[PDB]
Amino acid sequence: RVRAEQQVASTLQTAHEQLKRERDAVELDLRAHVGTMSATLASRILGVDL
Amino acid sequence: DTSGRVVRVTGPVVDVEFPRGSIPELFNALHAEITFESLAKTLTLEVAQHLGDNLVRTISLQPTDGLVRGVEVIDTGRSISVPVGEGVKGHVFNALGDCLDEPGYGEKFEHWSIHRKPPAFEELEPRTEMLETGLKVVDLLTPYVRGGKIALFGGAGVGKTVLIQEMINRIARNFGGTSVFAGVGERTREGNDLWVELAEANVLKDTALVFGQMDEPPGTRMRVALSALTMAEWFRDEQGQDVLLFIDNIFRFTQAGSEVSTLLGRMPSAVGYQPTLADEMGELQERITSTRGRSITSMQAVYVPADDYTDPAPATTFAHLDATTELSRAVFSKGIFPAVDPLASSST
Amino acid sequence: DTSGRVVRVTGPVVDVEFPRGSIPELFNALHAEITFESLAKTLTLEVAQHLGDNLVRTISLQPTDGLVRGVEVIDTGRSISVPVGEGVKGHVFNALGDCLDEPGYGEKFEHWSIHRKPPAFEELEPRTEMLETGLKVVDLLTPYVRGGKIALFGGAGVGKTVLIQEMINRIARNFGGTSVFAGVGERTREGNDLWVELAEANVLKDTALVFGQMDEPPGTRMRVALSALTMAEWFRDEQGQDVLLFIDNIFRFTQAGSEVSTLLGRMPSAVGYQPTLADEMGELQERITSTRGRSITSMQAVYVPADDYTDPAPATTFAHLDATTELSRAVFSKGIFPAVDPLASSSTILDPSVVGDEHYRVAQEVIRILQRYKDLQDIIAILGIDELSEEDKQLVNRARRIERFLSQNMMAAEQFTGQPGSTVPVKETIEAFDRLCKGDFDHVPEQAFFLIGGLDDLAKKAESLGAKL
Amino acid sequence: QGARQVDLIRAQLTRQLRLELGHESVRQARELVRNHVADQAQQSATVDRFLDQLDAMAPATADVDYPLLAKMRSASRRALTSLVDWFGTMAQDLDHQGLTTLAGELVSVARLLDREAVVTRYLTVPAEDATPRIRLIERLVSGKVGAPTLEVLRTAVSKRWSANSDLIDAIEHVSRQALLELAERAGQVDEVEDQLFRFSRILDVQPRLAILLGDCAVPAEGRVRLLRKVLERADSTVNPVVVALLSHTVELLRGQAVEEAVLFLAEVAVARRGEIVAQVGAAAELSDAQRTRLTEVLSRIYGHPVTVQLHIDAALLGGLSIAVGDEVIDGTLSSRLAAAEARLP
Amino acid sequence: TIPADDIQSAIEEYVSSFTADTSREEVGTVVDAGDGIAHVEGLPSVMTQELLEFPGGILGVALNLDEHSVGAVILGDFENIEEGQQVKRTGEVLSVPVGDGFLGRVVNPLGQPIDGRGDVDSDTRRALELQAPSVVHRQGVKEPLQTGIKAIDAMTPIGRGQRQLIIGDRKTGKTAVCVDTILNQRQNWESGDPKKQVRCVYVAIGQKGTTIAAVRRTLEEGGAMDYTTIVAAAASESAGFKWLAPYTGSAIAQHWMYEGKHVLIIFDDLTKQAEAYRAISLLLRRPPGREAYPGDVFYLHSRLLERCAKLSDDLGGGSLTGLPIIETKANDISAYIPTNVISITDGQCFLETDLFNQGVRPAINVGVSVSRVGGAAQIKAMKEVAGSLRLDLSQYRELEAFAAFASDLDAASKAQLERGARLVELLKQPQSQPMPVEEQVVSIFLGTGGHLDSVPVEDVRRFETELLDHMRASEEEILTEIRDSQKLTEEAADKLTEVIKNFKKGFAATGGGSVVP
Amino acid sequence: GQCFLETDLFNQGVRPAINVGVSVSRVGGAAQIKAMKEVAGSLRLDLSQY
Ligand SMILES: Nc1ncnc2c1ncn2[C@@H]1O[C@H](COP(=O)(O)OP(=O)(O)OP(=O)(O)O)[C@@H](O)[C@H]1O
Ligand SMILES: Nc1ncnc2c1ncn2[C@@H]1O[C@H](COP(=O)(O)OP(=O)(O)O)[C@@H](O)[C@H]1O
Ligand SMILES: [Mg+2]
Ligand SMILES: [Mg+2]
């Protein structure tokens, strides 16, 4: 039980940190589309392409 | 033009406003409609109070979930009426007279109001008479009264249903009579069980079942005993027949009356029951009587809260009971049927 | 402008009228003025209800004597806030967040609203780590949970305050974190006692005290627990290191809420309590908790009105606790201290998987022996002990020795018995009660078990009475 | 189970990132629409775009709404409709100063009623042989007021009333009907209606004046002094009958919300004609052609002639938001922005 | 690995497809607000029990309707309600998402997951107050729902469609009984048979969130979250959630019951739902009765418990087995809510503190605990080995006054005393350790067959365990016959008896002596 | 604290009728002189136990 515990705890820690690195490093690249999606949302809310 | 409209909805209590000259009498049956397709139904309301300013306060008999203020309310002009006749034998009804196993059956029968008066003092029997059932233990140690009330104190697994079927058979074959079963606050599982046992023993054709179940508002649990008693009164007065009325847990009738009294804002009496507990118990138990040669004998299951026989509900009930039958488990284990405890049972 | 106007004053409940649109939200703090020179002050009012037609029903935190109808009421735009930070340690505070021993201290700190939502369910984690106190009965039958919720139940004047002082002595004196003590509607003599005794033990420099006592109006007694709980929540969430939260007679929160429920216009509940009893107790008691990785070892005293453990307030408190030490007046009347009822007290870590097989076996055997004794007591009182069996007489002697050995001379009770206190490790307790239940000391008198520590103290007092073991 | 735990934390932080993405998305869309609609012409473009949707909004099962007749429980209604029918018979009797003195004397006797509550209790018994009551009232003002006044008071007290405040408010209501007819003769009905509405606007938007008029215990002579004075401070209120109405209403406020009582006055003024009020909100006032469009489409919707009240507020960011009684058609783009924001995944 | 561009695409498709048709809404205005209740003027067409939406995503339920206002119960975040806000009409009564996506999740009393494991794929929705099955839609309770507890399965059997009340003071083992009942269905789940699988719903009303966490952890360690949903209305939730949690848990598990599946629903402390409903009704100023209860509280509980039914074969044959839990105070079963729920259910399991302290665990009072379904919910083997148990225990309880005068007792009296002591030791059971039905049959065969009269009463437990262990290792065919045939034939009885004899000659007591006759 | 007097203890001759078991003083030895604090150290507990 403790063996199945220490291993899963260690890999959990190392995967949490790796996913943190994924998160911070992929956080801002998708903001290239936030402008155009805001634009299409405005177009939907107005009922015109503007 | 002459119909009312909902004004307030507070759980089972519904206030309805009518025009100036169309106020329904007390205890009238009103009809409202819930059109929300999931809970779509026809609410039956019973006028409980005249509040003034053309407002009446009614107790709903179905759940009011989905009722809207302003919905038109139709006045039927009469109290809750149940179908009466020989055709009500072998079928299951509810407190309003709707057939449960065959919806639509009985709608073109004669219909009798469930609010009637006991026989006049001129017509009551001044001499008590013994009902000879044919059972040794009952006829000897606990003689039943014809037109009286017998308490039954049998739990589960002592043959209470077997004794019920036995009494149905005896009243149908030794007296040429009928049986009416009022399940006041009936567990739906036990209701279906009783239905299929009465259908298997082929004694359902001699019985009319009226079920006011537990998942229903207190109104139907308060009025199901009156519905079954009205069917029995038709069998006695109109058909000229001896009747046996099984009221299962009269205590649930008392408890439903207490709940209805609490909902209407009435101040509670001692312990907590309704201020008019004895008047309601009398209004029910005084119609179970012998009259003009024919009688209605009633067997009632009694619940005693906290084993306190001085509790207001059993103390009020026992003012009308003529005998007591206690079904014992020590007697049922010995293989003695019926498992009537000869020392705990008693007769007046 | 956008200020209020006092319309009604019925005791501690004040009605205020505001212009349309300037109605303060619920739980806001309003300020009114009392200008009578003998009672001049600034009333703080907590918005309780929106009465409609721009009326607002508020509860006052100070006594309303001297308040005139129509005076100006200023809406602060926020709820009651208390100072938070590592700088509140070492100071006595108010229910409003005012320093008592050094006024003005903390007005430049960060201020946190005293109204919080409890942690999200995905952050909750069960705590199953034993907190070894040093009391025989507590370590044996009611093992306290480290990071869990502990309570001391009991009637009026049995052992609750002395037991909380004892546990401040045991757990908090050698603690590596922060301690917060909420005195909710208790005596002021005891508050000064605790202040002085924490200054003596050099523990005050780590402890933050927040006092709203019995002489305060029900608003203070209703909000002081929330103030101290906000301080503890700051120490748990921002600093994040091992908070201890003691609360004296938290019930006073319930009672203060009950004193104003009819003045707020609510129909009374069963025993005269507010209809919102369990709801408010849950809103408060769910913030006193340890999230995942952040620990708060809570310990509350719960007053049981008229010794009736079926009263709705203790009966509702029972559901929020991991360990309960329930004190009886029947055990208080026999001279046994602490007056713990061993048959009523309980703990969730009294599990063979947590405390071990021998701890659990010994505890279950002690409980069985004491239950059999409680069942025989009436027979013994009426017909005499000589009517029992030999097995039953043996068990009765063992049970009397056991119920006397569960008592102990506590460190905080030296003022009541003149005797210094004792500490007993959990293994010594386990083995001692194992020997008692087996019958190794059935020849030692009933005394020499009474108000002692471990087995060495038992030997000393047994030989002081002419016996061995 | 550990694998499940790591999947849990991954997916939960994923949803978190999604949420704070969508939030700044709606922020960017909000400032985009805010700087776009800053074009004064584009606001009109948006509103008359919404107008065709309104053209595709039919139908609606609307019902006529009454000023206070829908507020009285029962017994008072029948009485109120009887008295309004009696005054409709009276409608052509009085002359100019006739009607104005009718209003003055009726509000004075309303003060007289609220001054002696016991006599109101007595004359408001719902009994059949009410004749002593009528004697009572003429015994009160046999030689004090005009004759048709005393006649309508007789036919009023002749009626049954569920309470006392019902008759008290009914005499106020019939005095107001008299003033409405007086304003009608002059032919300023829409003028007086919209000027009451505009005064209600200026009364609500700065409610300080509203509250300082709600003083129950304070005598009302200074009240009306203050009130008219503030009104004729400017002469954009050339009509005096508006001032008469509002003055003889504030004379008996009885703790009513002034900022709601003036709306009540305007609404009964318009209800005299059978029209239904319909409040609207937008960011910029439109041309009266668009007002005609709005009135015609709202009449088509509610099956009744209707009047509008455009309460300017730019923060709604274009589009309209209309409210008719107790329902709302909300087409202003700021509401749609808040919707798309709150409805984020 | 994280799908960030997928997160772009999701909200991308959402905003590119966003639409809100400007439809005519019916709105009202809050006039007053306090203690979780808000009165709303307006909304003429609002119906009773209708959901309303306040500003800020706050929800309410329209309970009280009158000519002045609408008294609504706020379902959380009530400190955000103010006088003057606008309330929108939804047009719907309380509905809850239902589907198989709820297996293994912890949800609100609204179908919203509060565990954090993502949204729940919902098949459909289901109204909270749909009617119960008719009296002609049901069918006699005949299939046993094995709780894995010897005392219950032997003395107070539970069927599939029965409502059994677990009633007891506190810290007597009610939650433990229900969690063991849930854990015992793991083997039924592993069979893959929809006629044997039981889906579990656990409703936690008014419980500390750490207690719900501990319950879920216990269910996970036993592998019981593959088929269990947890509807949690924690102690911090509004009175509305605590009142609605059992109806949410019962709306779920009816979608399964009507699909032909078998469900077991536990209502942990229905008493707390009653107190929440009483708070709601006293804040709405409804007339109070005994103990300040609204007067339709018996209806509140019977409407809920009458939906646990056993449907017909014409309706699929599904079933919903109800386990309500009631906390009495000082063993006052004559209180109001205990009286109600005792009157409603089909049987009661009375757990006691005195029995708990005496080492009798589970602390079930087999004297007063009853099941009105009875042997109809037992397999033939258990039905015949447990018939010789009730009378023996009653005789032991009436003879235990002479426990110290066995010298003065008849031989039959002393034999009954010793057999009863062994039987009382037989019905004890550890926590979180439920037994399959064949092992319970073998244990009760040990007890009632006389095969424990040779064992010291302080060893019986161990003996039983060890024997079962032996039979789990050497003779599995006996357990397989009892499991597949549901009966103990004479050949199997002979085989079991000789196995017991061999084990007895191999068994070592704690007193030192042998347990051979 | 509390000095609970009883009618039973009064009639038995115990006067003052203090119920020694349930009576208590929450100040204790701090409200006594040294001599009385030492001689009456555990008197209340001894009498409760008696
Ligand atoms: N069969 C058993 N054997 C041994 N211990 C048990 C058993 N059942 C329960 N317990 C113990 O009883 C303690 C409390 O029981 P449990 O919490 O199940 O009672 P409860 O009915 O939930 O009471 P409450 O709801 O008031 O907490 C637990 O710590 C558990 O260890
Ligand atoms: N361990 C103890 N030893 C001796 N006396 C005690 C002990 N615990 C409590 N007492 C007595 O009980 C009295 C009050 O107890 P306390 O715990 O302060 O009451 P409460 O529980 O109501 O706060 C004290 O004055 C003290 O005399
Ligand atoms: Mg204390
Ligand atoms: Mg529990």
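As the structure lists them, so they are numbered: ligands from 1, and atoms in each ligand from 1. Every chain is numbered from 1 and lettered A, B, ... according to where its sequence line falls, protein lines coming before strand lines.
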In Å, rounded to the nearest 0.5 Å, how long is the span from [atom1] of [X] to [atom2] of [Y]?
{"X": "C:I369", "Y": "C:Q364", "atom1": "CD1", "atom2": "CD", "value": "11.5 Å"}
{"X": "F:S42", "Y": "C:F416", "atom1": "OG", "atom2": "CZ", "value": "14.5 Å"}
{"X": "C:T429", "Y": "C:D139", "atom1": "OG1", "atom2": "CG", "value": "5.5 Å"}
{"X": "C:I150", "Y": "C:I171", "atom1": "CD1", "atom2": "CD1", "value": "6.0 Å"}

What protein heavy atom sits nearest [atom], and how far away is it?
{"atom": "atom 1 (N) of ligand 1", "result": "E:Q429 O, 3.1 Å"}
{"atom": "atom 4 (C) of ligand 1", "result": "E:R361 CD, 3.6 Å"}
{"atom": "atom 12 (O) of ligand 1", "result": "E:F356 CZ, 3.4 Å"}
{"atom": "atom 19 (O) of ligand 1", "result": "E:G173 N, 3.1 Å"}
{"atom": "atom 23 (O) of ligand 1", "result": "E:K171 N, 2.9 Å"}
{"atom": "atom 25 (O) of ligand 1", "result": "E:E327 OE2, 2.9 Å"}
{"atom": "atom 22 (O) of ligand 1", "result": "E:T175 OG1, 2.5 Å"}
{"atom": "atom 28 (C) of ligand 1", "result": "E:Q431 NE2, 4.4 Å"}

Would you mind running through ligand 2 and noting each atom that sits below 4.0 Å from a heavy atom of [X]?
{"X": "C:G159", "value": "17 (O), 21 (O)"}
{"X": "C:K160", "value": "17 (O), 20 (P), 21 (O), 22 (O)"}
{"X": "F:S25", "value": "25 (O), 27 (O)"}
{"X": "C:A413", "value": "1 (N), 2 (C), 3 (N)"}

ask   = Within the side chain of C:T133, is there an N or O that forms a donor-acceptor pair under 3.5 Å with the backbone of C:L135?
value =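 The answer is yes, because a donor-acceptor pair under 3.5 Å joins these two groups.
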Side-chain donor/acceptor of C:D351 to backbone N/O of C:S353, under 3.5 Å =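 Checking the backbone N and O of C:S353 against the side chain of C:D351, a donor-acceptor pair under 3.5 Å is found.
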Below 3.5 angstrom, do we get any N/O pair linking [X] and ligand 2?
{"X": "C:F332", "result": "no"}
{"X": "C:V162", "result": "yes"}
{"X": "C:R187", "result": "no"}
{"X": "C:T417", "result": "no"}
{"X": "C:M410", "result": "no"}
{"X": "C:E190", "result": "no"}

inquiry  = I'd like to know if C:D351 contacts ligand 1, where contact means a heavy-atom distance under 4.0 Å to any ligand atom.
reply    =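 Under 4.0 Å: no for C:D351.
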message = Can you give me the closest heavy-atom contact between E:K242 and C:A278, atom names plus distance?
response =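 For E:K242 and C:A278, the tightest heavy-atom pair comes out as NZ-O, 4.0 Å.
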query = Looking only at heavy atoms, which two atoms of C:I164 and C:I247 are closest? And how far apart?
reply =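 Closest approach of C:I164 to C:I247: CD1-O, 3.8 Å.
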ask   = Taking the six-membered ring of C:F253, is the NZ or CZ of C:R221 close enough (under 6.0 Å from the centre) and on axis enough (within 45°)?
value =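 Because its charged atom misses either the 6.0 Å distance or the 45° angle limit, C:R221 does not stack over C:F253.
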inquiry  = Can you confirm if the NZ or CZ of C:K136 lies within 45° of the ring axis of C:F405 and under 6.0 Å from the centre of its six-membered ring?
reply    =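 Verdict for C:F405: a cation-pi partner in C:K136.
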ask   = For atom 30 (C) of ligand 1, is the nearest protein heavy atom closer than 4.0 Å?
value =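 Within 4.0 Å of atom 30 (C) of ligand 1, protein heavy atoms are found.
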key: E:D269-ligand 1 polar pair, N/O distance under 3.5 Å   =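 It does not: no N or O of E:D269 is found under 3.5 Å from an N or O of ligand 1.
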query = Within the structure, does E:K174 bring an N/O atom to less than 3.5 angstrom of an N/O atom in ligand 1?
reply =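 Min N/O separation from ligand 1 is below 3.5 Å for E:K174.
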ask   = Of all the atoms in ligand 1, which lie at a distance below 4.0 Å from a heavy atom belonging to E:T172?
value =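 Those qualifying, in numeric order: 19 (O).
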task = Check each atom of ligand 1 against the heavy atoms of E:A176 and keep those under 4.0 Å away; list them by number with element.
result =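 Per the distance check, 8 (N), 9 (C), 18 (O).
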task = Counting heavy atoms only, name the option from C:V158, C:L135, C:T161 that's nearest to atom 15 (O) of ligand 2.
result =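 Closest candidate by heavy-atom distance is C:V158.
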ask   = Closer than 2.8 Å to the Mg ion (ligand 3), do we get an N, O or S atom from C:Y303, backbone or side chain?
value =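 So C:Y303 does not bind the Mg ion (ligand 3) by this criterion.
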task = Determine whether more than 12 heavy atoms belonging to other residues, nucleotides or ligands lie under 6.0 Å from atom CE of F:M36.
result =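 Counting neighbours around CE of F:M36, 12 or fewer heavy atoms of other residues, nucleotides or ligands fall under 6.0 Å, so no.
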